[PDB]
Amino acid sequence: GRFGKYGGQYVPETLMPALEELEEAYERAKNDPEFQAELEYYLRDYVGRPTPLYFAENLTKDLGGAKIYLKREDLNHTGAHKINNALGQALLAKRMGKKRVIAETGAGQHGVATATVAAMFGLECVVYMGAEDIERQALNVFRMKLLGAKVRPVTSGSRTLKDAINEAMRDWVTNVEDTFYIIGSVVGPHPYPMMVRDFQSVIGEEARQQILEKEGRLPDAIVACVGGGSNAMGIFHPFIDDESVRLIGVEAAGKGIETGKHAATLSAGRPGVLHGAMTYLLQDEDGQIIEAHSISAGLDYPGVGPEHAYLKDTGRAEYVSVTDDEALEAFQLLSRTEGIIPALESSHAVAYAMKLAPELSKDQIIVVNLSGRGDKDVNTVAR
């Protein structure tokens, strides 16, 4: 459960038996063809995969360099990649006889994804959400309730995403007999980094086949925004062995790294243990966890997947950051040049691809992971 020195299972002993049961369960499901065939059925008919790989021709011409392809995860049911993972984990919960699934959510996208698959599967669903995030995501809170989930506000600690994950863990350890904890990113104790990355590898597996068919070469670079890291790992993993393919994760610099108000865990954090994983963390000099800051709430996890920690240290992937202002300009440019309104999270990736495309030749190819649609962010951008 280790990615180099990173990862692990840093959880209380009260939770170790639950993790053993989960890793053994996942191991069986992974290699069971009925499980994989049932998951593929729902990915196709319910989620709507495969998502297309779209040649952004106006953008390509505007920037004057590399070809820009957008992996259209904005077309999934619910509008983001998150549902790929919620779906796989909920199917495993049913296979383990769990009547109840819980989830954390920050901006509400994972909470919506989890409530969505829970409704379809008939599972009881409870979503933990910090009260500061509730206060800012009234619409996503109302979606979760429409979908039949209970929203439990977390008023403890800093009242945001990290505190919601703590409470969900507490719920899980207490109710493990009947409850499955659907984690929202490639974070937490083994086997969750591995398992979430596997359920999201469908993104890169499609993307790899689609680019070969469309262009007959592999990308020169793949650009994906990185909060907890799950959409990035999903498109990165199937290209890990393609040594010529650059893997570029884009974090939120907020107002600027130098201001301290950012969410750039990989570029400015330092190693530590959070939520069961050894990884990079935004933390203070006493090892206390710090809040991350971004114009997009979805990039607000102060940690990052331990597998990105490993890819950064080995140099297989390169991690950069773009400011709120740059994300905003990409949000606007992509809308008016391709008619795609991207999530402000994914706008960070679009923004770095705009910096890189002009510096490549016209024969080269950038794939941008369009991790979600930005209808949810239209109010924010107007403000």
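Sequential numbering from 1, following the sequence displayed.
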* To do: Return whichever of 103-111 and 266-274 has the greater mean Cα B factor according to the PDB record.
  => 266-274
* 292-300 versus 122-130 - greater average Cα B-factor per the deposited record -> 292-300
* Asked: Which of these has the highest Cα B-factor in the record: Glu251, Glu258, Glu167, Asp198?
  -> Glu258
* Asked: When you compare the CA B-factors of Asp171, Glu307, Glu73, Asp220 as listed in the entry, which one comes out on top?
  -> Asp220
* Asked: Lowest, middle or highest third: where is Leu22 by C-alpha B factor in its chain?
  -> middle
* Structure fact -> Quick tally, chain-level thirds of C-alpha B-factors: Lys61 sits in the highest
* Structure fact -> Binned into thirds over the chain's modelled residues, the C-alpha B-factor of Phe180 lands in the lowest
* In terms of the CA temperature factor given in the entry, to which third of its chain does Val154 belong: lowest, middle or highest? -> lowest
* Structure fact -> Among the modelled residues of its chain, the C-alpha B-factor of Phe236 falls in the third labelled middle
